[PDB]
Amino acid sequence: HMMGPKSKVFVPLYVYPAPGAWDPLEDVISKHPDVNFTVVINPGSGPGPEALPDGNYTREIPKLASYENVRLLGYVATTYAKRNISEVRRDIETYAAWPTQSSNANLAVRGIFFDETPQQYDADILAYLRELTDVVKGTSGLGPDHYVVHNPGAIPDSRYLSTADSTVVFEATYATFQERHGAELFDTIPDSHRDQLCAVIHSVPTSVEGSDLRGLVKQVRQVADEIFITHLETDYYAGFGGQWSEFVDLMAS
């Protein structure tokens, strides 16, 4: 009659920061100081072409950063490790330089979310990702956490998991989750622990509500330490689902 292991709320926050747009996230952060939030921001598939993001980002990001239970990460694309590593490094360094380039201590992130990491094992690809982790851990401006997340959007070879602090090993519809027998899918992953794993479930039917939603949250908390669940089928990373506060309430329980 408990919810099992506690998980963090993972938020791919690709809502454009117009005035008020991030209010639903700030509200639940405020309501649940005991809950830990991992929040990815993404000005333009990366930090953007300049040293600093636009006026809306520069206003809103520090408001989120001001909460102790928020861990902000900068989105960086890797294009299945095919992207030139110097260009990836440029993006990491740009995020890292944000607080000093802005003279705003709170215009900063605490790590990097690497999108599109590949599933298939390859030694050269492992070396690429490990170097990227070294860059994140070693660069001023990404502290204190220097957090690293990989998003293969599917289960990668287990040898990749130790290179990141968290790996998104599920990112698909609720229907796909169900086709794969839910939490059972996570049991197939060798050399792994829930603490290394993130699950993203979108397109949840609005009928999965109340105790039905509690059940899903509990099932996923058992196997993944970071979780995003939303009932949106469209723009599920660019808006809040109709049961966003209920989802966070369950994560807090």
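Numbering starts at 1 and follows the sequence shown.
**Q** Would you determine, from the values in the PDB entry, which of 58-66 and 36-44 has the greater average C-alpha temperature factor?
**A** Comparing averages over the C-alpha atoms only gives 58-66.
**Q** On mean C-alpha B-factor from the PDB entry, just flag whether 136-144 or 166-174 is the higher one.
**A** Higher mean C-alpha B-factor: 136-144.
**Q** Whose CA atom has the top B-factor in the entry, of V223, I29, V217, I201?
**A** That would be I29, according to the entry.
**Q** Would you mind ranking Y128 by its C-alpha B-factor against the rest of the chain and naming the third, lowest, middle or highest?
**A** It belongs to the middle third of the chain when residues are ordered by C-alpha B-factor.
**Q** Lowest, middle or highest third: which one holds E93 when the chain's residues are ordered by CA B-factor from the entry?
**A** Middle third.
**Q** Taking the C-alpha B-factors as the PDB entry records them, is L250 in the lowest, middle or highest third of its chain?
**A** Middle third of the chain for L250's C-alpha B-factor.
**Q** Classify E116 as lowest, middle or highest third according to the C-alpha B-factor given in the PDB entry, relative to its own chain.
**A** Middle third by C-alpha B-factor.
**Q** Would you please rank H150 by its C-alpha temperature factor against the other modelled residues of its chain and give the third it falls in: lowest, middle or highest?
**A** CA B-factor rank for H150: lowest third.
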